[PDB]
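Colleague: File follows, data.txt with compact mmCIF, C-alpha atoms:
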# COMPACT_ATOMS: atom_id res chain seq x y z
CA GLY A 21 32.55 4.00 -30.81
CA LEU A 22 28.90 3.53 -29.78
CA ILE A 23 26.67 0.67 -30.98
CA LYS A 24 24.54 3.43 -32.47
CA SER A 25 26.84 3.83 -35.48
CA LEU A 26 26.40 0.43 -37.06
CA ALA A 27 22.80 0.02 -35.60
CA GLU A 28 21.32 3.08 -37.23
CA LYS A 29 23.46 2.46 -40.32
CA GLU A 30 22.15 -1.10 -40.79
CA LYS A 31 18.50 0.22 -40.79
CA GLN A 32 19.53 2.42 -43.77
CA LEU A 33 21.32 -0.38 -45.61
CA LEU A 34 17.95 -2.15 -45.62
CA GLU A 35 16.17 0.92 -47.17
CA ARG A 36 18.79 1.12 -49.94
CA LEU A 37 18.10 -2.50 -50.82
CA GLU A 38 14.43 -2.10 -50.76
CA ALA A 39 14.44 0.80 -53.31
CA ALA A 40 16.75 -1.24 -55.41
CA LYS A 41 14.35 -4.16 -55.68
CA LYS A 42 11.36 -1.75 -56.12
CA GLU A 43 12.66 0.29 -59.08
CA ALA A 44 14.03 -2.96 -60.63
CA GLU A 45 10.54 -4.48 -60.81
CA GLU A 46 8.84 -0.95 -61.54
CA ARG A 47 11.17 -0.72 -64.59
CA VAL A 48 10.69 -4.06 -66.09
CA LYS A 49 7.04 -3.61 -65.41
CA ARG A 50 6.97 -0.58 -67.77
CA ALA A 51 8.68 -2.50 -70.56
CA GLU A 52 6.32 -5.48 -70.43
CA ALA A 53 3.37 -3.19 -70.52
CA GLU A 54 4.86 -1.09 -73.33
CA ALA A 55 5.54 -4.43 -75.29
CA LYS A 56 1.85 -5.41 -75.07
CA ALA A 57 0.51 -1.91 -76.16
CA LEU A 58 3.00 -1.79 -79.07
CA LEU A 59 1.95 -5.16 -80.48
CA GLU A 60 -1.79 -3.96 -80.18
CA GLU A 61 -0.90 -1.01 -82.33
CA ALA A 62 0.68 -3.52 -84.75
CA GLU A 63 -2.69 -5.46 -84.88
CA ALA A 64 -4.90 -2.40 -85.03
CA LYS A 65 -2.80 -1.00 -87.84
CA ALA A 66 -2.29 -4.33 -89.67
CA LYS A 67 -5.97 -5.34 -90.07
CA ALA A 68 -7.06 -1.78 -91.01
CA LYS B 3 35.53 3.99 -40.09
CA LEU B 4 33.08 1.05 -39.56
CA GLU B 5 29.97 2.67 -41.13
CA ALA B 6 31.95 3.20 -44.28
CA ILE B 7 32.30 -0.60 -44.66
CA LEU B 8 28.48 -0.99 -44.28
CA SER B 9 27.70 1.49 -47.17
CA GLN B 10 29.97 -0.46 -49.49
CA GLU B 11 28.30 -3.92 -49.12
CA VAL B 12 25.01 -2.37 -50.20
CA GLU B 13 26.53 -0.06 -52.78
CA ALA B 14 27.46 -2.82 -55.16
CA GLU B 15 24.35 -5.06 -55.09
CA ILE B 16 22.14 -2.00 -55.80
CA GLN B 17 24.09 -1.44 -58.99
CA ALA B 18 24.43 -5.12 -59.97
CA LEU B 19 20.63 -5.62 -59.63
CA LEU B 20 19.67 -2.29 -61.29
CA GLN B 21 22.00 -2.81 -64.22
CA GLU B 22 20.52 -6.30 -64.68
CA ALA B 23 16.94 -5.04 -64.65
CA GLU B 24 17.73 -2.19 -67.13
CA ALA B 25 18.94 -4.94 -69.53
CA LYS B 26 15.69 -6.97 -69.26
CA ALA B 27 13.75 -3.74 -69.73
CA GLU B 28 15.99 -3.33 -72.85
CA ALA B 29 15.59 -6.93 -73.97
CA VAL B 30 11.84 -7.29 -73.83
CA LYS B 31 11.56 -4.00 -75.60
CA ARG B 32 14.05 -5.08 -78.42
CA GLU B 33 12.09 -8.31 -79.07
CA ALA B 34 8.79 -6.26 -78.97
CA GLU B 35 10.06 -4.10 -81.93
CA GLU B 36 11.46 -7.02 -83.84
CA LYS B 37 8.02 -8.88 -83.47
CA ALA B 38 5.71 -5.97 -84.61
CA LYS B 39 8.07 -5.38 -87.61
CA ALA B 40 7.77 -9.17 -88.53
CA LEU B 41 3.94 -9.35 -88.12
CA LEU B 42 3.86 -6.58 -90.67
CA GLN B 43 6.38 -8.27 -92.98
CA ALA B 44 4.01 -11.21 -93.35
CA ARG B 45 1.10 -8.72 -93.78
CA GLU B 46 3.13 -6.99 -96.66
CA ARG B 47 3.63 -10.28 -98.55
CA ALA B 48 0.02 -11.32 -98.16
CA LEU B 49 -1.46 -8.20 -99.73
CA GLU B 50 0.91 -8.50 -102.73
CA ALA B 51 -0.13 -12.13 -103.35
CA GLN B 52 -3.78 -11.05 -103.33
CA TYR B 53 -3.22 -8.48 -105.98
CA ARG B 54 -1.00 -10.64 -108.33
CA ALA B 55 -3.83 -13.42 -108.10
CA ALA B 56 -6.57 -10.94 -108.40
CA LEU B 57 -5.29 -9.37 -111.69
CA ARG B 58 -4.56 -12.72 -113.31
CA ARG B 59 -8.14 -13.87 -112.53
CA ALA B 60 -9.60 -10.71 -114.10
CA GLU B 61 -7.46 -11.15 -117.18
CA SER B 62 -8.59 -14.83 -117.64
CA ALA B 63 -12.23 -13.96 -116.87
CA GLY B 64 -12.35 -11.29 -119.44
Go ahead and express the file in the form of structure tokens.

Modeller:
Amino acid sequence: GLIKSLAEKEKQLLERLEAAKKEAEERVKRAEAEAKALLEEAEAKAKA
Amino acid sequence: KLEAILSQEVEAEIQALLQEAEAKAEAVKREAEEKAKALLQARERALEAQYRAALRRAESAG
């Protein structure tokens, strides 16, 4: 039992959260962009 | 031990959040397919209309 266990474990718990929030937003991001580009293909196709 | 508690408060949130955001990334994408399909369903009817009208006009004209 040293304070180092929980100390240097806490500063990893924070990295695990950060990647969580990142790759949540970087996933939805893809889908929103992919929704736009799909409906452009549906306009491009539809008028032609 | 005590560091094993710490890894379990995180490991729980980081699946709750990432399961939630893979069902918004599903949901937007499901509505995006169902819209493009429907903007082409209205395009399909329109063309038909224009052809049924068109032929009747040319029959009358002649």

Colleague: For residue 26 in chain B, work out the shell of residues within 12 Å, counting only C-alpha atoms and skipping chain neighbours fewer than 5 positions away, then give it as JSON, numbers by chain.

Modeller: {"A": [44, 45, 46, 47, 48, 49, 50, 51, 52], "B": [19, 20, 21, 31, 32, 33, 34]}

Colleague: Would you give me, as a CSV table (one decimal) with C-alpha atoms, in the coordinates of the input, the residues of chain B that come within 10 Å of chain A, using all atoms listed in the file?

Modeller:
chain,number,residue,atom,x,y,z
B,3,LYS,CA,35.5,4.0,-40.1
B,4,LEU,CA,33.1,1.0,-39.6
B,5,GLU,CA,30.0,2.7,-41.1
B,6,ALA,CA,32.0,3.2,-44.3
B,7,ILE,CA,32.3,-0.6,-44.7
B,8,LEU,CA,28.5,-1.0,-44.3
B,9,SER,CA,27.7,1.5,-47.2
B,10,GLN,CA,30.0,-0.5,-49.5
B,11,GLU,CA,28.3,-3.9,-49.1
B,12,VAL,CA,25.0,-2.4,-50.2
B,13,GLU,CA,26.5,-0.1,-52.8
B,15,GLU,CA,24.4,-5.1,-55.1
B,16,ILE,CA,22.1,-2.0,-55.8
B,17,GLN,CA,24.1,-1.4,-59.0
B,18,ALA,CA,24.4,-5.1,-60.0
B,19,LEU,CA,20.6,-5.6,-59.6
B,20,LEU,CA,19.7,-2.3,-61.3
B,21,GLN,CA,22.0,-2.8,-64.2
B,22,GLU,CA,20.5,-6.3,-64.7
B,23,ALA,CA,16.9,-5.0,-64.6
B,24,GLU,CA,17.7,-2.2,-67.1
B,25,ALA,CA,18.9,-4.9,-69.5
B,26,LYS,CA,15.7,-7.0,-69.3
B,27,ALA,CA,13.8,-3.7,-69.7
B,28,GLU,CA,16.0,-3.3,-72.8
B,29,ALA,CA,15.6,-6.9,-74.0
B,30,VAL,CA,11.8,-7.3,-73.8
B,31,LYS,CA,11.6,-4.0,-75.6
B,32,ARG,CA,14.0,-5.1,-78.4
B,33,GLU,CA,12.1,-8.3,-79.1
B,34,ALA,CA,8.8,-6.3,-79.0
B,35,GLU,CA,10.1,-4.1,-81.9
B,37,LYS,CA,8.0,-8.9,-83.5
B,38,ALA,CA,5.7,-6.0,-84.6
B,39,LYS,CA,8.1,-5.4,-87.6
B,40,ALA,CA,7.8,-9.2,-88.5
B,41,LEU,CA,3.9,-9.4,-88.1
B,42,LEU,CA,3.9,-6.6,-90.7
B,45,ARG,CA,1.1,-8.7,-93.8
B,46,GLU,CA,3.1,-7.0,-96.7

Colleague: Quote the spacing between CA of residue 59 in chain B and CA of residue 68 in chain A in Å to one decimal place.

Modeller: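 Answer for the CA of residue 59 in chain B to CA of residue 68 in chain A separation: 24.7 Å.
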
Colleague: Provide the CA of residue 56 in chain B to CA of residue 64 in chain A distance in Å, to one decimal place.

Modeller: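 So the answer is 24.9 Å.
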
Colleague: Could you tell me how far CA of residue 49 in chain B sits from CA of residue 36 in chain B, in Å to one decimal place?

Modeller: 20.5 Å

Colleague: Would you mind writing range 26-39 of chain A with N, CA, C and O atoms, as a PDB file, keeping the file's coordinate frame?

Modeller:
ATOM      1  N   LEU A  26      26.681   1.592 -36.242  1.00  0.00           N
ATOM      2  CA  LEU A  26      26.400   0.430 -37.060  1.00  0.00           C
ATOM      3  C   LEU A  26      24.939   0.090 -37.003  1.00  0.00           C
ATOM      4  O   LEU A  26      24.450  -0.532 -37.947  1.00  0.00           O
ATOM      5  N   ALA A  27      24.190   0.348 -35.874  1.00  0.00           N
ATOM      6  CA  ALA A  27      22.800   0.020 -35.600  1.00  0.00           C
ATOM      7  C   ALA A  27      21.963   0.774 -36.512  1.00  0.00           C
ATOM      8  O   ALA A  27      21.142   0.296 -37.299  1.00  0.00           O
ATOM      9  N   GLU A  28      22.155   2.122 -36.492  1.00  0.00           N
ATOM     10  CA  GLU A  28      21.320   3.080 -37.230  1.00  0.00           C
ATOM     11  C   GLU A  28      21.788   3.267 -38.615  1.00  0.00           C
ATOM     12  O   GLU A  28      21.147   4.011 -39.370  1.00  0.00           O
ATOM     13  N   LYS A  29      22.920   2.561 -38.969  1.00  0.00           N
ATOM     14  CA  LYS A  29      23.460   2.460 -40.320  1.00  0.00           C
ATOM     15  C   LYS A  29      22.949   1.276 -41.065  1.00  0.00           C
ATOM     16  O   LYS A  29      22.623   1.379 -42.211  1.00  0.00           O
ATOM     17  N   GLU A  30      22.835   0.097 -40.362  1.00  0.00           N
ATOM     18  CA  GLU A  30      22.150  -1.100 -40.790  1.00  0.00           C
ATOM     19  C   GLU A  30      20.681  -0.892 -41.301  1.00  0.00           C
ATOM     20  O   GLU A  30      20.263  -1.471 -42.307  1.00  0.00           O
ATOM     21  N   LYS A  31      19.889  -0.062 -40.535  1.00  0.00           N
ATOM     22  CA  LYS A  31      18.500   0.220 -40.790  1.00  0.00           C
ATOM     23  C   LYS A  31      18.348   1.258 -41.939  1.00  0.00           C
ATOM     24  O   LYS A  31      17.186   1.697 -42.195  1.00  0.00           O
ATOM     25  N   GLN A  32      19.529   1.613 -42.602  1.00  0.00           N
ATOM     26  CA  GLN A  32      19.530   2.420 -43.770  1.00  0.00           C
ATOM     27  C   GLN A  32      19.972   1.566 -44.902  1.00  0.00           C
ATOM     28  O   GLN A  32      19.502   1.746 -46.036  1.00  0.00           O
ATOM     29  N   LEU A  33      20.836   0.604 -44.617  1.00  0.00           N
ATOM     30  CA  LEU A  33      21.320  -0.380 -45.610  1.00  0.00           C
ATOM     31  C   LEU A  33      20.163  -1.198 -46.159  1.00  0.00           C
ATOM     32  O   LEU A  33      20.180  -1.608 -47.287  1.00  0.00           O
ATOM     33  N   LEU A  34      19.155  -1.454 -45.343  1.00  0.00           N
ATOM     34  CA  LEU A  34      17.950  -2.150 -45.620  1.00  0.00           C
ATOM     35  C   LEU A  34      17.011  -1.291 -46.500  1.00  0.00           C
ATOM     36  O   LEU A  34      16.338  -1.818 -47.382  1.00  0.00           O
ATOM     37  N   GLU A  35      16.917   0.048 -46.290  1.00  0.00           N
ATOM     38  CA  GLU A  35      16.170   0.920 -47.170  1.00  0.00           C
ATOM     39  C   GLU A  35      16.700   1.096 -48.581  1.00  0.00           C
ATOM     40  O   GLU A  35      15.903   1.301 -49.519  1.00  0.00           O
ATOM     41  N   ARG A  36      18.056   1.039 -48.700  1.00  0.00           N
ATOM     42  CA  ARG A  36      18.790   1.120 -49.940  1.00  0.00           C
ATOM     43  C   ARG A  36      18.592  -0.117 -50.768  1.00  0.00           C
ATOM     44  O   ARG A  36      18.582  -0.011 -51.985  1.00  0.00           O
ATOM     45  N   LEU A  37      18.467  -1.298 -50.160  1.00  0.00           N
ATOM     46  CA  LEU A  37      18.100  -2.500 -50.820  1.00  0.00           C
ATOM     47  C   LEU A  37      16.728  -2.595 -51.273  1.00  0.00           C
ATOM     48  O   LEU A  37      16.437  -3.208 -52.316  1.00  0.00           O
ATOM     49  N   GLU A  38      15.848  -2.084 -50.438  1.00  0.00           N
ATOM     50  CA  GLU A  38      14.430  -2.100 -50.760  1.00  0.00           C
ATOM     51  C   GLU A  38      14.033  -1.303 -51.990  1.00  0.00           C
ATOM     52  O   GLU A  38      13.339  -1.828 -52.920  1.00  0.00           O
ATOM     53  N   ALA A  39      14.574  -0.043 -52.126  1.00  0.00           N
ATOM     54  CA  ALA A  39      14.440   0.800 -53.310  1.00  0.00           C
ATOM     55  C   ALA A  39      15.081   0.232 -54.553  1.00  0.00           C
ATOM     56  O   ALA A  39      14.633   0.518 -55.635  1.00  0.00           O
TER      57      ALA A  39
END
